[PDB]
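Visitor: can you look at this? It's an experimental structure, sequence on top.
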Amino acid sequence: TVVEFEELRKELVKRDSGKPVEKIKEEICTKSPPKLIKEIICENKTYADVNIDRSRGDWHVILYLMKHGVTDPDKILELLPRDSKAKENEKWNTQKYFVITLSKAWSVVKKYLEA
DNA sequence: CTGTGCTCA
């Protein structure tokens, strides 16, 4: 689990813009993307704004930051809502949750922008 | 992939 995270996050860090998370929401909220992705980044909502499942609300937001080239485990894990087990640690381990979600979400984007 | 996510089917 943890060793796959080390190689996976290395590929996210080498694709990261190097800017801190405080710039990620700032540069998104000044743009005019669709209300769905913008309102989730620019307000305390996370799924209740679009009435989507909390699993897919996180999935769509994670894919969007990977296309902006600002992906990083620190940003991706911190932006999650209080309804996510990823930071609430209700009972399920967050380390294996991260490896599952990032492995799929990152695989989808990198094959989407490959050349 | 151990809690599931999309896309033209």
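Guide: Perfect, thanks for sending it. Residues are numbered from 1 along each chain as shown, chains lettered A, B, ... in the order given.

Visitor: in what helix or strand does the residue in chain A that DNA strand B sits nearest to lie?
Guide: Each residue of chain A has a distance to DNA strand B, by CB to the nearest atom of the strand, and the smallest belongs to residue A:55, at 3.1 Å. Backbone N, C-alpha and C define where each C-beta goes, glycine included. Residue A:55 is part of helix A:54-67 when elements are defined by DSSP states H and E.

Visitor: pull the CA coordinates from that helix and hand them back as CSV.
Guide: Only the C-alpha atoms of helix A:54-67 are listed here, as CSV (Å, rounded to 0.1, in the frame of the first residue of the first chain):
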residue,chain,number,x,y,z
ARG,A,54,-20.0,12.2,-2.2
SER,A,55,-17.8,9.5,-3.9
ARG,A,56,-18.3,11.0,-7.4
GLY,A,57,-18.2,14.6,-6.1
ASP,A,58,-14.6,13.9,-5.0
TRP,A,59,-13.9,12.0,-8.2
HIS,A,60,-14.9,14.8,-10.6
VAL,A,61,-12.9,17.4,-8.5
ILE,A,62,-9.8,15.2,-8.4
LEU,A,63,-9.8,14.7,-12.2
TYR,A,64,-10.1,18.5,-12.8
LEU,A,65,-7.0,19.4,-10.7
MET,A,66,-5.0,16.7,-12.5
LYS,A,67,-5.8,18.4,-15.9
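
Visitor: buried ones in it?
Guide: For helix A:54-67, the buried set under the neighbour-count rule, 16 or more other CB atoms under 10 Å, comprises A:57, A:58, A:59, A:61, A:62, A:63, A:64, A:65, A:66.

Visitor: stretch A:23-42 too?
Guide: The neighbour-count criterion (16+ other CB under 10 Å) identifies A:24, A:28, A:37, A:40, A:41 as the buried residues of stretch A:23-42.

Visitor: same check on stretch A:95-111?
Guide: Across stretch A:95-111, burial judged by 16+ other CB under 10 Å covers A:97, A:98, A:99, A:101, A:102, A:105, A:106, A:109.

Visitor: what parts of chain A come near DNA strand B?
Guide: Among all residues of chain A, those adjacent to DNA strand B (criterion: CB under 7 Å from any atom of the strand) are A:1, A:53-56, A:58-59, A:84-86, A:92, A:96-97, A:99-101, A:103-105, A:107-108, A:112.
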